[PDB]
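Structure file start-v7.tsv (TSV, C-alpha atoms) follows.
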chain	number	residue	atom	x	y	z
A	13	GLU	CA	11.23	-16.08	58.60
A	14	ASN	CA	8.87	-13.61	56.87
A	15	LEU	CA	5.55	-15.35	57.36
A	16	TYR	CA	3.65	-12.83	55.19
A	17	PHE	CA	5.43	-14.41	52.19
A	18	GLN	CA	6.46	-17.81	53.55
A	19	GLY	CA	3.70	-18.87	56.01
A	20	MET	CA	2.45	-22.45	55.50
A	21	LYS	CA	-0.95	-22.14	57.29
A	22	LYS	CA	-3.65	-22.20	54.67
A	23	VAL	CA	-7.36	-21.92	54.14
A	24	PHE	CA	-8.98	-23.53	51.08
A	25	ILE	CA	-12.39	-22.39	49.85
A	26	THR	CA	-14.28	-24.57	47.40
A	27	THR	CA	-17.69	-23.62	46.05
A	28	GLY	CA	-20.19	-25.70	44.07
A	29	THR	CA	-23.34	-27.74	44.50
A	30	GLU	CA	-24.12	-29.32	47.85
A	31	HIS	CA	-23.95	-32.80	46.34
A	32	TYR	CA	-20.54	-32.25	44.75
A	33	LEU	CA	-19.14	-30.70	47.92
A	34	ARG	CA	-20.46	-33.53	50.08
A	35	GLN	CA	-18.69	-35.97	47.75
A	36	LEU	CA	-15.47	-33.91	47.99
A	37	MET	CA	-15.69	-33.74	51.78
A	38	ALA	CA	-16.06	-37.51	52.06
A	39	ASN	CA	-12.70	-37.78	50.22
A	40	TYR	CA	-11.00	-35.47	52.76
A	41	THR	CA	-10.64	-35.56	56.57
A	42	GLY	CA	-9.77	-33.19	59.44
A	43	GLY	CA	-8.71	-29.60	58.79
A	44	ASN	CA	-11.94	-28.31	60.38
A	45	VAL	CA	-13.56	-29.19	57.04
A	46	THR	CA	-16.85	-27.37	57.19
A	47	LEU	CA	-19.74	-27.27	54.74
A	48	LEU	CA	-21.55	-23.90	54.66
A	49	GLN	CA	-24.49	-22.65	52.63
A	50	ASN	CA	-26.64	-19.70	51.69
A	51	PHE	CA	-29.60	-19.07	49.36
A	52	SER	CA	-27.43	-19.30	46.24
A	53	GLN	CA	-24.55	-21.65	46.84
A	54	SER	CA	-22.72	-24.13	49.04
A	55	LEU	CA	-19.11	-23.77	50.13
A	56	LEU	CA	-16.44	-25.90	51.74
A	57	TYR	CA	-14.00	-24.33	54.23
A	58	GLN	CA	-10.84	-26.24	55.13
A	59	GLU	CA	-7.74	-25.30	57.06
A	60	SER	CA	-4.46	-27.06	56.43
A	61	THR	CA	-0.70	-26.67	56.70
A	62	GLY	CA	1.74	-27.07	53.84
A	63	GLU	CA	1.56	-26.46	50.12
A	64	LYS	CA	-1.44	-27.26	47.97
A	65	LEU	CA	-1.64	-30.84	46.84
A	66	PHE	CA	-4.98	-31.89	45.43
A	67	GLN	CA	-7.17	-29.48	47.31
A	68	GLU	CA	-9.64	-28.07	44.87
A	69	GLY	CA	-10.60	-24.50	45.57
A	70	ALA	CA	-9.05	-21.13	46.15
A	71	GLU	CA	-5.98	-21.12	48.39
A	72	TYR	CA	-5.24	-18.45	51.02
A	73	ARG	CA	-2.29	-17.97	53.40
A	74	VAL	CA	-3.44	-17.33	56.96
A	75	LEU	CA	-1.72	-14.19	58.15
A	76	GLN	CA	-3.49	-13.78	61.49
A	77	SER	CA	-6.02	-15.95	63.34
A	78	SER	CA	-7.87	-15.64	66.65
A	79	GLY	CA	-10.39	-17.68	68.62
A	80	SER	CA	-11.67	-21.05	67.50
A	81	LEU	CA	-14.57	-22.48	65.51
A	82	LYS	CA	-17.58	-23.54	67.58
A	83	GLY	CA	-19.33	-25.30	64.68
A	84	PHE	CA	-22.50	-23.21	64.48
A	85	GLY	CA	-23.71	-19.76	63.50
A	86	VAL	CA	-22.89	-17.70	60.44
A	87	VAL	CA	-19.64	-17.18	58.59
A	88	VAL	CA	-18.77	-13.93	56.83
A	89	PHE	CA	-16.22	-13.73	53.97
A	90	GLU	CA	-15.00	-10.22	53.14
A	91	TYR	CA	-12.91	-10.02	49.98
A	92	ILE	CA	-10.77	-6.93	49.42
A	93	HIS	CA	-7.76	-5.84	47.42
A	94	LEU	CA	-4.98	-3.59	48.64
A	95	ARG	CA	-2.22	-1.61	47.07
A	96	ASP	CA	1.35	-2.45	48.10
A	97	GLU	CA	1.48	0.93	49.89
A	98	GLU	CA	-1.57	0.10	51.98
A	99	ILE	CA	-0.56	-3.39	53.10
A	100	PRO	CA	1.76	-2.75	56.08
A	101	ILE	CA	-0.58	-0.12	57.56
A	102	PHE	CA	-3.64	-2.32	57.12
A	103	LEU	CA	-1.89	-5.29	58.77
A	104	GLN	CA	-0.84	-3.04	61.68
A	105	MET	CA	-4.31	-1.55	62.15
A	106	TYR	CA	-5.85	-5.02	61.91
A	107	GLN	CA	-3.42	-6.40	64.51
A	108	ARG	CA	-4.29	-3.52	66.86
A	109	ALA	CA	-8.03	-4.09	66.36
A	110	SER	CA	-7.56	-7.82	66.96
A	111	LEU	CA	-6.48	-7.17	70.57
A	112	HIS	CA	-10.17	-6.49	71.24
A	113	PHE	CA	-11.71	-9.36	69.23
A	114	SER	CA	-12.25	-11.31	72.46
A	115	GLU	CA	-14.45	-8.41	73.68
A	116	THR	CA	-16.68	-8.50	70.56
A	117	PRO	CA	-19.97	-10.15	71.46
A	118	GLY	CA	-20.79	-13.23	69.40
A	119	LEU	CA	-17.41	-13.36	67.64
A	120	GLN	CA	-16.10	-16.94	67.73
A	121	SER	CA	-13.08	-16.69	65.44
A	122	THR	CA	-11.41	-14.57	62.75
A	123	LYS	CA	-8.91	-15.26	59.99
A	124	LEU	CA	-7.07	-12.61	58.05
A	125	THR	CA	-5.86	-14.34	54.92
A	126	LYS	CA	-4.15	-13.52	51.64
A	127	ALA	CA	-4.84	-15.05	48.23
A	128	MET	CA	-1.70	-16.85	47.08
A	129	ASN	CA	0.65	-14.60	45.13
A	130	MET	CA	-1.89	-11.75	44.79
A	131	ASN	CA	-2.79	-8.51	46.64
A	132	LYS	CA	-6.26	-9.92	47.39
A	133	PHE	CA	-7.24	-10.53	50.96
A	134	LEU	CA	-9.98	-12.57	52.56
A	135	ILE	CA	-11.16	-11.81	56.04
A	136	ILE	CA	-13.23	-14.63	57.50
A	137	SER	CA	-15.26	-14.19	60.67
A	138	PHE	CA	-17.29	-16.83	62.54
A	139	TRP	CA	-20.27	-15.55	64.54
A	140	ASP	CA	-22.86	-17.01	66.90
A	141	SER	CA	-25.52	-15.41	64.69
A	142	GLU	CA	-26.00	-12.66	62.11
A	143	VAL	CA	-27.24	-10.20	64.74
A	144	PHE	CA	-23.78	-10.05	66.33
A	145	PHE	CA	-22.16	-9.41	62.95
A	146	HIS	CA	-24.68	-6.70	62.13
A	147	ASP	CA	-23.83	-5.05	65.47
A	148	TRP	CA	-20.12	-5.27	64.67
A	149	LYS	CA	-20.75	-3.17	61.55
A	150	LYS	CA	-20.82	-0.15	63.91
A	151	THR	CA	-17.10	-0.60	64.68
A	152	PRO	CA	-14.23	1.39	63.12
A	153	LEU	CA	-12.67	-1.81	61.71
A	154	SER	CA	-15.91	-2.76	59.96
A	155	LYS	CA	-16.29	0.73	58.57
A	156	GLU	CA	-12.71	0.67	57.22
A	157	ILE	CA	-13.25	-2.72	55.58
A	158	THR	CA	-16.51	-1.45	54.04
A	159	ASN	CA	-14.73	1.66	52.78
A	160	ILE	CA	-11.92	-0.41	51.19
A	161	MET	CA	-14.47	-2.64	49.45
A	162	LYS	CA	-16.38	0.33	48.03
A	163	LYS	CA	-13.18	2.07	46.95
A	164	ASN	CA	-12.02	-1.21	45.38
A	165	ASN	CA	-15.22	-1.35	43.34
A	166	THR	CA	-14.98	2.20	41.92
A	167	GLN	CA	-11.67	0.94	40.53
A	168	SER	CA	-11.03	-2.58	39.16
A	169	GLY	CA	-11.91	-6.14	40.17
A	170	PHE	CA	-14.66	-7.10	42.59
A	171	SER	CA	-14.52	-6.85	46.34
A	172	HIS	CA	-17.59	-8.18	48.16
A	173	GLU	CA	-19.05	-9.71	51.28
A	174	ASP	CA	-20.69	-13.16	51.39
A	175	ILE	CA	-22.59	-14.51	54.40
A	176	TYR	CA	-23.12	-18.23	54.91
A	177	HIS	CA	-24.64	-20.40	57.60
A	178	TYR	CA	-24.19	-24.01	58.72
A	179	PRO	CA	-26.47	-26.49	56.88
A	180	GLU	CA	-29.72	-27.96	58.23
A	181	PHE	CA	-29.23	-30.60	60.92

Could you render the structure as structure tokens?
Amino acid sequence: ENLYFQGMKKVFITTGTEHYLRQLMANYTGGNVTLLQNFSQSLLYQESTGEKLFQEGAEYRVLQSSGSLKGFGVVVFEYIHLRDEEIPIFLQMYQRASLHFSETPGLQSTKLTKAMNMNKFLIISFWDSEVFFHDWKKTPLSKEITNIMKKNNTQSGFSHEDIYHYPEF
């Protein structure tokens, strides 16, 4: 009924060594399970429906999703925190902005997600390459997200942006 609180579509994010994550992935199946990497670390992205069972990793409720994964490119994870007062307005603005996601060059898919039971949000975007993401940083939505992150960090916790790519063929 109120999917913000009760939605069952989830994203699980598990980080660790490549070896560990490849072992974990071989124990799972489906859910668009995707191994991603950057200079520092490896990460496993999985989508599923229902409550957590044995998924390792951080759990997020998918609030809004668009497009679909193509299986290549770079993946951006933007972590922010929002005050109660800011949530409805942010969700509205994001929904409005999303009507033009299909016009954003190089954008394959986006997920607006919420950390379970906390006012922490994770916006995940899948791009053909980093160039297209860099270009998108000129948009109002990107500037707002950047501003929230920076404001977050003058206060408590740690909001940040991580960029990953698909592993070597």

*asked:* Restricting the calculation to only C-alpha atoms: of A:162, A:172, A:127, A:88, which residue gets closest to residue 144 of chain A?
replied: A:88

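Distance-wise, atom CA of residue 133 of chain A and atom CA of residue 56 of chain A end up 17.9 Å apart.
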
_Let me make sure I understand: among A:73, A:108, A:126, A:177, which one has the smallest atom-to-atom distance to residue 54 of chain A if we use only C-alpha atoms?_
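Counting only C-alpha atoms, the residue closest to residue 54 of chain A is A:177.
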
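Here the question is which of A:91, A:148, A:181, A:32 gets nearest to residue 165 of chain A using only C-alpha atoms, and that residue is A:91.
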
_Computed interatomic separation between atom CA of residue 119 of chain A and atom CA of residue 24 of chain A (Å)_ =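 A separation of 21.2 Å between them.
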
*Residue with smallest distance to residue 39 of chain A - pool A:102, A:16, A:66, A:138, counting only C-alpha atoms*: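 With only C-alpha atoms as the atom set, the closest residue is A:66.
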
Could you give me segment 144-179 of chain A completed to N, CA and C atoms, formatted as a JSON list (two decimals), keeping the file's coordinate frame?
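result_1.json, freshly written:
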[["chain", "number", "residue", "atom", "x", "y", "z"],
["A", 144, "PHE", "N", -25.04, -10.49, 65.75],
["A", 144, "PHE", "CA", -23.78, -10.05, 66.33],
["A", 144, "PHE", "C", -22.87, -9.43, 65.27],
["A", 145, "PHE", "N", -22.92, -9.97, 64.06],
["A", 145, "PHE", "CA", -22.16, -9.41, 62.95],
["A", 145, "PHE", "C", -22.71, -8.05, 62.55],
["A", 146, "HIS", "N", -24.03, -7.97, 62.43],
["A", 146, "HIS", "CA", -24.68, -6.70, 62.13],
["A", 146, "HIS", "C", -24.25, -5.65, 63.15],
["A", 147, "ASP", "N", -24.24, -6.00, 64.43],
["A", 147, "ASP", "CA", -23.83, -5.05, 65.47],
["A", 147, "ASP", "C", -22.38, -4.60, 65.28],
["A", 148, "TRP", "N", -21.53, -5.54, 64.89],
["A", 148, "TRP", "CA", -20.12, -5.27, 64.67],
["A", 148, "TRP", "C", -19.89, -4.27, 63.51],
["A", 149, "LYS", "N", -20.87, -4.13, 62.63],
["A", 149, "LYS", "CA", -20.75, -3.17, 61.55],
["A", 149, "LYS", "C", -20.68, -1.72, 62.04],
["A", 150, "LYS", "N", -20.98, -1.48, 63.32],
["A", 150, "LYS", "CA", -20.82, -0.15, 63.91],
["A", 150, "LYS", "C", -19.38, 0.17, 64.32],
["A", 151, "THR", "N", -18.47, -0.80, 64.24],
["A", 151, "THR", "CA", -17.10, -0.60, 64.68],
["A", 151, "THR", "C", -16.24, 0.08, 63.62],
["A", 152, "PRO", "N", -15.19, 0.80, 64.05],
["A", 152, "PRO", "CA", -14.23, 1.39, 63.12],
["A", 152, "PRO", "C", -13.63, 0.38, 62.13],
["A", 153, "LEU", "N", -13.25, -0.81, 62.60],
["A", 153, "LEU", "CA", -12.67, -1.81, 61.71],
["A", 153, "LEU", "C", -13.65, -2.19, 60.60],
["A", 154, "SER", "N", -14.91, -2.41, 60.96],
["A", 154, "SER", "CA", -15.91, -2.76, 59.96],
["A", 154, "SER", "C", -16.08, -1.64, 58.95],
["A", 155, "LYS", "N", -16.11, -0.41, 59.45],
["A", 155, "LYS", "CA", -16.29, 0.73, 58.57],
["A", 155, "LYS", "C", -15.12, 0.90, 57.60],
["A", 156, "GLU", "N", -13.90, 0.63, 58.07],
["A", 156, "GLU", "CA", -12.71, 0.67, 57.22],
["A", 156, "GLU", "C", -12.79, -0.41, 56.15],
["A", 157, "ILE", "N", -13.15, -1.63, 56.55],
["A", 157, "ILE", "CA", -13.25, -2.72, 55.58],
["A", 157, "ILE", "C", -14.29, -2.39, 54.51],
["A", 158, "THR", "N", -15.45, -1.90, 54.95],
["A", 158, "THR", "CA", -16.51, -1.45, 54.04],
["A", 158, "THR", "C", -16.01, -0.40, 53.08],
["A", 159, "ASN", "N", -15.29, 0.60, 53.61],
["A", 159, "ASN", "CA", -14.73, 1.66, 52.78],
["A", 159, "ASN", "C", -13.71, 1.16, 51.74],
["A", 160, "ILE", "N", -12.88, 0.20, 52.13],
["A", 160, "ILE", "CA", -11.92, -0.41, 51.19],
["A", 160, "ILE", "C", -12.68, -1.13, 50.07],
["A", 161, "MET", "N", -13.66, -1.93, 50.44],
["A", 161, "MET", "CA", -14.47, -2.64, 49.45],
["A", 161, "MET", "C", -15.12, -1.71, 48.43],
["A", 162, "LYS", "N", -15.70, -0.61, 48.91],
["A", 162, "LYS", "CA", -16.38, 0.33, 48.03],
["A", 162, "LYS", "C", -15.38, 1.06, 47.14],
["A", 163, "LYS", "N", -14.24, 1.42, 47.71],
["A", 163, "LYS", "CA", -13.18, 2.07, 46.95],
["A", 163, "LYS", "C", -12.67, 1.10, 45.90],
["A", 164, "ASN", "N", -12.44, -0.15, 46.30],
["A", 164, "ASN", "CA", -12.02, -1.21, 45.38],
["A", 164, "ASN", "C", -12.93, -1.23, 44.16],
["A", 165, "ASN", "N", -14.24, -1.21, 44.41],
["A", 165, "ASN", "CA", -15.22, -1.35, 43.34],
["A", 165, "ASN", "C", -15.42, -0.14, 42.43],
["A", 166, "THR", "N", -14.99, 1.05, 42.84],
["A", 166, "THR", "CA", -14.98, 2.20, 41.92],
["A", 166, "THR", "C", -13.84, 2.01, 40.92],
["A", 167, "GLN", "N", -12.82, 1.27, 41.36],
["A", 167, "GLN", "CA", -11.67, 0.94, 40.53],
["A", 167, "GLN", "C", -11.92, -0.41, 39.85],
["A", 168, "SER", "N", -10.92, -1.29, 39.85],
["A", 168, "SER", "CA", -11.03, -2.58, 39.16],
["A", 168, "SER", "C", -11.41, -3.74, 40.06],
["A", 169, "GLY", "N", -11.62, -4.90, 39.44],
["A", 169, "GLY", "CA", -11.91, -6.14, 40.17],
["A", 169, "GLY", "C", -13.25, -6.11, 40.90],
["A", 170, "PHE", "N", -13.43, -7.06, 41.82],
["A", 170, "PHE", "CA", -14.66, -7.10, 42.59],
["A", 170, "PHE", "C", -14.47, -7.58, 44.03],
["A", 171, "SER", "N", -14.56, -6.61, 44.93],
["A", 171, "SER", "CA", -14.52, -6.85, 46.34],
["A", 171, "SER", "C", -15.97, -6.99, 46.79],
["A", 172, "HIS", "N", -16.22, -7.88, 47.75],
["A", 172, "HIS", "CA", -17.59, -8.18, 48.16],
["A", 172, "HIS", "C", -17.62, -8.95, 49.46],
["A", 173, "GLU", "N", -18.81, -9.02, 50.03],
["A", 173, "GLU", "CA", -19.05, -9.71, 51.28],
["A", 173, "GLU", "C", -20.08, -10.80, 51.09],
["A", 174, "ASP", "N", -19.75, -12.03, 51.46],
["A", 174, "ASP", "CA", -20.69, -13.16, 51.39],
["A", 174, "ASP", "C", -20.94, -13.70, 52.80],
["A", 175, "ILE", "N", -22.20, -13.99, 53.10],
["A", 175, "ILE", "CA", -22.59, -14.51, 54.40],
["A", 175, "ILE", "C", -23.16, -15.91, 54.21],
["A", 176, "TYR", "N", -22.67, -16.85, 55.00],
["A", 176, "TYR", "CA", -23.12, -18.23, 54.91],
["A", 176, "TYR", "C", -23.54, -18.68, 56.30],
["A", 177, "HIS", "N", -24.27, -19.77, 56.35],
["A", 177, "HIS", "CA", -24.64, -20.40, 57.60],
["A", 177, "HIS", "C", -24.32, -21.88, 57.50],
["A", 178, "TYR", "N", -24.40, -22.57, 58.64],
["A", 178, "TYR", "CA", -24.19, -24.01, 58.72],
["A", 178, "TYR", "C", -25.45, -24.72, 58.21],
["A", 179, "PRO", "N", -25.30, -25.85, 57.50],
["A", 179, "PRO", "CA", -26.47, -26.49, 56.88],
["A", 179, "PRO", "C", -27.44, -27.08, 57.89]]
